[PDB]
Amino acid sequence: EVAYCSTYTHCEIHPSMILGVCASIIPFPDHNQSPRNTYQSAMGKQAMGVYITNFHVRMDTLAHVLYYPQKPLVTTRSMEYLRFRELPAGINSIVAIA
Amino acid sequence: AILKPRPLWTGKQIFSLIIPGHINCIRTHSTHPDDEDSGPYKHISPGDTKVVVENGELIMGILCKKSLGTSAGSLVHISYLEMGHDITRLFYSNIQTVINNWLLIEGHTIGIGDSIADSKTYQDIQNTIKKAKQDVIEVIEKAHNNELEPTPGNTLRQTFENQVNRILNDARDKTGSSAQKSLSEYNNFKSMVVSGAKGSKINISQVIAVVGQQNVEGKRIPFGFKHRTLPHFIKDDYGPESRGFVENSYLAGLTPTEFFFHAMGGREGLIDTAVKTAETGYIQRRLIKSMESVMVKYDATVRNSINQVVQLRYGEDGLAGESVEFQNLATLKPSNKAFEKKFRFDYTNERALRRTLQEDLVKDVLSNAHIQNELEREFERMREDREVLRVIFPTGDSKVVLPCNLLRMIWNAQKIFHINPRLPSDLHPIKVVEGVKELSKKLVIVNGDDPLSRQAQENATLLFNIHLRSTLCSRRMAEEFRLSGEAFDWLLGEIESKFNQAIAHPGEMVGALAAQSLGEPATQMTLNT
Amino acid sequence: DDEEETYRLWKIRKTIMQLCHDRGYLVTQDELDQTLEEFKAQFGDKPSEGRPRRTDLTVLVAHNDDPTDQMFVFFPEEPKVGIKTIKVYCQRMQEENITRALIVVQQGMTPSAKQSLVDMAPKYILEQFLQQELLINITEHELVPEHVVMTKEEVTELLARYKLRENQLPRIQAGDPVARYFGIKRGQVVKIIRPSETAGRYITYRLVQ
Amino acid sequence: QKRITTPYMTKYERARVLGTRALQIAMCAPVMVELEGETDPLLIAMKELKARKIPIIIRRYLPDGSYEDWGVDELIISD
Amino acid sequence: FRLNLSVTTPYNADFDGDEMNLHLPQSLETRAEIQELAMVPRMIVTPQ
Amino acid sequence: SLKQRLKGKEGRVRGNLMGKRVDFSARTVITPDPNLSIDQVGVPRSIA
Amino acid sequence: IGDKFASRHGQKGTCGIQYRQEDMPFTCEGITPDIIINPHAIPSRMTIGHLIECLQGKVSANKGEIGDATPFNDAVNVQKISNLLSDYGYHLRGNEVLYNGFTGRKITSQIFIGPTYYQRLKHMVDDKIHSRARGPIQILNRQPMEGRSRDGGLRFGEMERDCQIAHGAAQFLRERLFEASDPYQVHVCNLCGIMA
Amino acid sequence: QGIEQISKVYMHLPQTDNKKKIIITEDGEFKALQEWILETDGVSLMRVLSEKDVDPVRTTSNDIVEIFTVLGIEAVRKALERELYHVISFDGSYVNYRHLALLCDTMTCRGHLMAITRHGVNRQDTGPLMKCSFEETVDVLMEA
Amino acid sequence: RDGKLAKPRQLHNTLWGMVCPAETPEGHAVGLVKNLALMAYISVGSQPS
Ligand SMILES: [Mg+2]
Ligand SMILES: [Zn+2]
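1. Digging into the interface of chain C and chain H
By convention, interface size is frequently given as the accessible area that disappears when the constituent parts associate.
Moving on, step 1. The partner chain H presents 29 residues to the 27 residues of chain C that form the contact.
Moving on, step 2. Summed over both partners, the interface of chain C with chain H buries about 2,500 Å², with 57% contributed by carbon and sulfur atoms.
Moving on, step 3. When the area that chain C buries against chain H is broken down by residue, the three leading residues are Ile 136, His 141 and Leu 143 of chain C, summing to 25%.
Moving on, step 4. On the surface where chain C and chain H come into contact, there are three salt bridges.
Moving on, step 5. Note that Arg 194 of chain C and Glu 74 of chain H form a salt bridge whose closest N and O atoms lie 2.5 Å from each other.

2. A look at the interface of chain A and chain G
Moving on, step 1. Between chain A and chain G, the residue contacts involve 40 residues of the former and 48 residues of the latter.
Moving on, step 2. Roughly 4,400 Å² is buried in total at the junction of chain A and chain G, and carbon and sulfur atoms are behind 63% of that figure.
Moving on, step 3. The largest per-residue losses of area from chain A upon contact with chain G belong to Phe 28, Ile 94 and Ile 97 of chain A, which jointly make up 17% of the total buried on that side.
Moving on, step 4. Where chain A meets chain G, there are 25 residue pairs in polar contact.
Moving on, step 5. For the side of chain A that touches chain G, the secondary-structure elements that each account for two or more residues are α1 (34-41), β1 (74-75) and β2 (91-97) of chain A.
Moving on, step 6. Examining the composition of the side of chain A that touches chain G, we find that seven residues originate from one element, β2 of chain A, more than from any other.
Moving on, step 7. Residue composition of the side of chain A that touches chain G, grouped by class: 22 nonpolar, 14 polar and four charged.
Moving on, step 8. One ladder, built from two bridges, connects β1 of chain A with strand β4 (residues 67-68) of chain G; its direction is parallel. By the bridge assignment for β4 of chain G, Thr 75 of chain A is matched with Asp 68 of chain G.

3. Side note on the nonpolar core
Moving on, step 1. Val 207, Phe 260 and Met 264 of chain B are the most contacted members of the largest nonpolar core, which has 51 residues in total.
Moving on, step 2. Of all the elements in the fold, those that place two or more residues in this core are β2 of chain A, α7 (189-193), α8 (201-208) and α9 (256-290) of chain B together with α2 (49-63), α3 (79-85) and β6 (111-120) of chain G.
Moving on, step 3. A per-element tally of this core places α2 of chain G first, with five residues.
Moving on, step 4. Among all residues touching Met 264 of chain B, those that are not within four sequence positions of it are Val 216 and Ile 221 of chain B together with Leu 11, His 12 and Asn 13 of chain I.
Moving on, step 5. Formed by 44 residues, the second largest nonpolar core is a distinct cluster that contains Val 104 of chain C together with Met 46, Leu 49 and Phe 68 of chain H.

What counts and how
- Residues numbered from 1 in each chain as written, not as in the entry; some residues may be left out.
- Chains lettered and ligands numbered in written order.
- Part of a larger assembly, values for the part shown.
- Heavy atoms only, no water.
- Contact = heavy atoms within 4.5 Å.
- Buried area = accessible area lost by both parts, 1.4 Å probe.
- Salt bridge = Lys/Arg side-chain N within 4 Å of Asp/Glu carboxyl O.
- Polar contact = N/O pair within 3.5 Å; in protein donor to acceptor, adjacent residues only side chain to side chain.
- Helix = DSSP H or I, 4+ residues; strand = E, 2+ residues; numbered from the N terminus.
- Nonpolar A, V, L, I, M, F, W, Y, C, P; charged D, E, K, R; others polar.
- Pairing = 2+ DSSP bridges.
- Core = buried A, V, L, I, M, F, W, Y, C linked by side-chain atoms within 4.5 Å.
- Buried < 20%, exposed > 50% of the residue type's maximum accessible area, 1.4 Å probe, protein only.

So this is what it looks like as structure tokens:
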């Protein structure tokens, strides 16, 4: 076309791979203000869930375990690769803003 | 308020049961337009603005944080100053309880119907944004041609950067004007920004129209590679897309090369907060220790720990900062003809005085003549004070901090004694002169009868007496005020008590109170401007 | 040049005619507003190879309350001043019976001369200035309030009214520009009168030590 | 005479007089008002002040070493 | 600990996991001086 | 040594004479309660 | 009612009170919310990603799929989610008509309701409460010391020593530093100033 | 040309009254007049006051040790009060006047610029049991 | 961990795609510890022979 450039040498796979591990579990992260995405990535590191499947054998100190974990109803496509639907931490609740 | 088809009350009629005592206040509301108070309908409130809480009941006006929040002269402040603290406690309590219990009937929320705009608005916003981008491209091409002359004190680059910044500011202002005028009455963003509880007018613009433009180290996003910002763009490119102008909103989402820049800008703010806290925990702390040993002694002098004198009277007047208000002097500012037309108290007309006073009193004044001499002498005293004021304040302002608010204190006395301003009434003009003199004599900051001390006493209560005889002018209180004699004795008795009680207390640890007060702004302020 | 030089000598002169008027000496009225061209016609058009030699500029004044105590001011000729050069003046004071004297140093003085003036303490008190400092009256600046020196009878009225000692006052060292402009010695009390926005006027005192 | 200090009971002297008089009542001192069903030793000490009947003298120390003694009866209660 | 909101703005508090220390006056003079000097109704306006 | 024992931060003067640990103080999380006055706070029954 | 709950968009917050089901507000078919949050949390920090995943989530429970929130998709607007929701018989922006739970009356405004994904943080209140009242003390300096009950004293720092000085409270400042912490008595000679 | 300490001088005429020239007119009215000004990068006050077509009355420098060199001690009291009021009232805040007068009246009370640091307050000659809580405990105790 | 110099703490253009831009702790260690992106791969080394 009347184009920006015409000598492209490479192309990206998907521009969503520029995010870390704790920041790629946020739905629609391109709609929030920036400092908000920093807080959650330092806050989903201290959410109770099930942390490992053989928690019966390990005599760790200070282990928390949730009864009924659930997987999200609104998921990012880059959560199938870090096993967030096999060891989830949270519950889908019905929230009202009032 | 309504008694025929059905008995219906109003909100102002239930709210006027909360407001204690008989207090008087006049404020405004945040959407009071500037060109309303000039022309007609100034005492009519078509948008129901200009709060007037008269004799303890909300006559008119929409309340917001300008009238109930933390400002000076608010309704909680006036109720604190006039009634006490045991009644202001109950005032805060009763507002919060009855308004929560109505608020579960009305209800409140924020959805995303409160965060979207009609197509007519969106199309207009898109049109202007495209025009602004084209203008920047025209500026870029001419710079390559070499058709820009740098201003003195500026380089070729700095002038271009300034023009680009001005164009961006104009575009953001246009987007805000386009958005703000598409807001509805049932909206909830607008119902929070107006009421003053939370929000601001740039959040509505970033949520709805344009996020804005990021900047690290106080300037537009820098060439972090060689000649590029990210490896997607071309080298030696200076457009609005390449360097951080986020032209989408928070609801249309961000593109990747734009979410990265918004992360840079938000990162800089997070770093600033951490550094600022460390600075705050030291500078203010060091200041408190150095001036801690400063306090008010039993001589009303402010001495050190070694008793070596810092100030002869506290605050250079002798008063404590808890009980002072903003006032206006209104003698320094007007012309030499309006001053002589407002404070002269001329008896030459013989009809204006007759209209505003009792006939027997005016005729007696004219015949005594001694009275005429005294009143002309008072006008001359006022002219001398006008000159002294013109100096002390060489700039021209009139907002001066003083003790007890006098217009509110003559306006309470017009309703404790049911002053009809539609009748001539009576106030011997001399009684007013003699009363000013005696009250002026009784208030005493420096207790002394010696000549050396007498001079110090005269020097102190100086600006307050210029203000007192300025608002205590004979003419100005026999015309506009019209006050009955009984009213004057109460007006005078109270002025003295408020002043006597406003004197600073001998023993308060002033050097720490001041150090923490100085320590405050040391904290709110920017880390690097 | 000389136009710069005939300008400065008129300016520095006009400053001193006020400095000695502040200290309470008698200076004729028109000497205070001596305009430039009037100075240029009286003392000479130019000092470069001219009649104004930096001598013929000296001033001798007498006090208002007493015609005997007088003050002299000298304008040395050399850039920096030596030893007997002030003794030339010390002799000129010795002959005329005058103790109050000033010297308007041109550019500097010698450390030996610094020794030579601090010795005659009980007699022949001289004040050393600089040509640059006298070019502007600092007393008429915006920030500088109005100072007034109090007699030794008034100072004993403060310390008996506020029941103070003399150690408990705010202090000022006799080395700052206004302490020298008024010629103040240790143990004196100066009164400052400044206007403030809360009261209107406030009078504070300083002890010069 | 020569009393140079203020005739108003300052904010701090009212907080210390009420504390001391209340502690003396708790240790069985005789009261000086006709209370009616009152028991709190600090509620009584407050209505003695409203009646100007507290037997305590305040010694104000000037910063030059002098002093003067004001009877609580003679002071104008601030509140 | 439970307190009224109108008191949030002096302490600069917010209710997302803050913690607030409480001290208890022991003698009777110190309870009287806290009652007649530093109660929260007596501190509505600031000298700052 | 006796200099290092009477020295600065956490010594015997910057750490045991100016700042000291005080008994009779309890801290608990805060939550709202709009049914209270300004003058009041609500204490749990175990702290009390 | 002390525990800390947080969303997936940086909204942490404690728990204020717990109501039974007979008191929460209900919809016209008996769906009470599990959590109620303040509307003032949104406009100041601008987390609009929080308002779309509860709109997207309401379509996913009614259709039976699981939604997609990949960041830079550009194939999922709000106009495409809203038009999907009005097919199942709801308002196309999530709003609903709630009834008051105490009096059964309708609420004049319409409340925005939907399902979201919350997490339970680690900071619980059972772990942060402690109190001291005349507890064990040290041996060398006789200053209050921690005991077996986990509970020592709170430090009375330097900045707290200054708010009390500005207050003018001289008794309370003495109690907190001397009578509450290591009181002691000694004997001193009169002519000389040495202990006896 | 010029003065060696002064490196760059600007030129503008103000828009707010603060830096305009306010004159009482003949009728008695405060009038604002617009005025070109030169503002530098580098300070040497005594040569600038001594220059013709320069106002010697209203020259002001934000360097308070240089005003302490040139004008006096009361000028640093008042210029210091004006500088604290200039940094507090830039974000639209408001601190009362008693506090700025007490700080600027304690900082310049003994004659010279008592800086609020270690080296200004620790020269104050208080008693011996106050200086020992301040960085030099055993040395103060042994000289005392 | 306490130096006030901002240039080793601010986000640099060259971190595109190799270090996460949003994830970092607050406090005194802002921008000092960082997490790497999803597909970022660190090399292991070889011989230039
Ligand atoms: Mg918080
Ligand atoms: Zn002995």
